[PDB]
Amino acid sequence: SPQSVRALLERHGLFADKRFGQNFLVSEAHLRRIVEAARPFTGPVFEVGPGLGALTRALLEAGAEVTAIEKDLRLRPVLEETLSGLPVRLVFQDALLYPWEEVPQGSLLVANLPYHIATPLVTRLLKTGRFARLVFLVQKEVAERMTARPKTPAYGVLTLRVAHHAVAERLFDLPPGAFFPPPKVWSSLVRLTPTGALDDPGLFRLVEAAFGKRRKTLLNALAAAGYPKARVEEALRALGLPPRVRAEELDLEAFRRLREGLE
């Protein structure tokens, strides 16, 4: 309950710290949903931000082999208490500094992610190609970006970054009350299933150029970013797109074809 979480924090003399984006998950039902979205545990599990150990314990109980990476050293006593008797590798480090590129092929990310590192962290883990599934909570707006369809406000670079590497599902929305202390926004449970592609720097130079100048048509954004105007005009024409088409109108395959057209 929010009651029990509040009481656990108080007993350990802890306060939720905004510098760590600390919002701890309350309900067993939400923990269950996260575990069920991530199972079966066919590879090692990495959890970023175990916090009070609620999800960590659920994972371990489900038979997962877990490495949990926590930046706040103050959470060590509560984590040791919650996880007493259970095989966990507890690592106290900034997860943005963890050697992600070397995790075993087939690893799973399962985590209530700290809002302020979620986007760069997920981007990096997707680039590794090492994960079978990534299952995590993120702010609802970030979830919407990760699962956007073309021609919408949320559609952009992050959408295309996730799509290039993976299929994306928004499985459930969680109200601020699902956490203690409650955040100011809703969160969502997201599942990413990598589909094989590693980074494609050329593709993302194009995508980032495409979305850099948001008030411009695709042609002008790309031209202003140093792509030869005539070649862009021709590639767009060749794809049967209107001269003044905008970046948000193109799906992943369309960007791939555009890139192939320009090269």
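Throughout, we count residues from 1 along the sequence that is shown. Heads up, when I say rigid core I mean the largest set of C-alphas that superpose within 1.5 Å between the two forms.
K.L.:
Would you say which of 185 to 193 and 71 to 79 moves more relative to the shown form in 4 other deposited structures of this protein, going by RMS C-alpha distance with the core superposed?
P.N.:
More C-alpha displacement in 4 other deposited structures of this protein shows up in 71 to 79.
K.L.:
Please work out whether 5 to 13 or 245 to 253 has the higher root mean square C-alpha deviation in 4 other deposited structures of this protein relative to the shown form, with the rigid core as fitting region?
P.N.:
After superposing on the rigid core, the more displaced stretch in 4 other deposited structures of this protein is 5 to 13.
K.L.:
Mean CA B-factor: is it higher for 241 to 249 or for 17 to 25?
P.N.:
The entry gives the higher C-alpha B-factor average to 241 to 249.
K.L.:
Per the record, averaged over C-alpha atoms, which has the higher B-factor: 230 to 238 or 64 to 72?
P.N.:
Higher mean C-alpha B-factor in the PDB entry: 230 to 238.
K.L.:
If you check the C-alpha B-factor for each of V35, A224, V45, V48 in the entry, which is highest?
P.N.:
Most elevated C-alpha B-factor of the set, per the entry: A224.
K.L.:
For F204, does the deposited CA B-factor place it in the lowest, middle or highest third of the chain?
P.N.:
Middle third by C-alpha B-factor.
K.L.:
Going by the CA temperature factor in the PDB record, which third of the chain does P150 belong to: lowest, middle or highest?
P.N.:
According to the entry, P150 has a C-alpha B-factor in the chain's highest third.
K.L.:
Sorting the chain's CA B-factors, does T82 end up in the lowest, middle or highest third?
P.N.:
According to the entry, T82 has a C-alpha B-factor in the chain's lowest third.
K.L.:
Using the B-factor values recorded in the entry, state whether the Cα atom of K184 falls in the lowest, middle or highest third among the modelled residues of its chain.
P.N.:
Its C-alpha B-factor belongs to the highest third of this chain's values.
K.L.:
For the chain shown, is the CA B-factor of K216 in the lowest, middle or highest third of its modelled residues?
P.N.:
Highest third - that is where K216 ends up once the chain's C-alpha B-factors are sorted.
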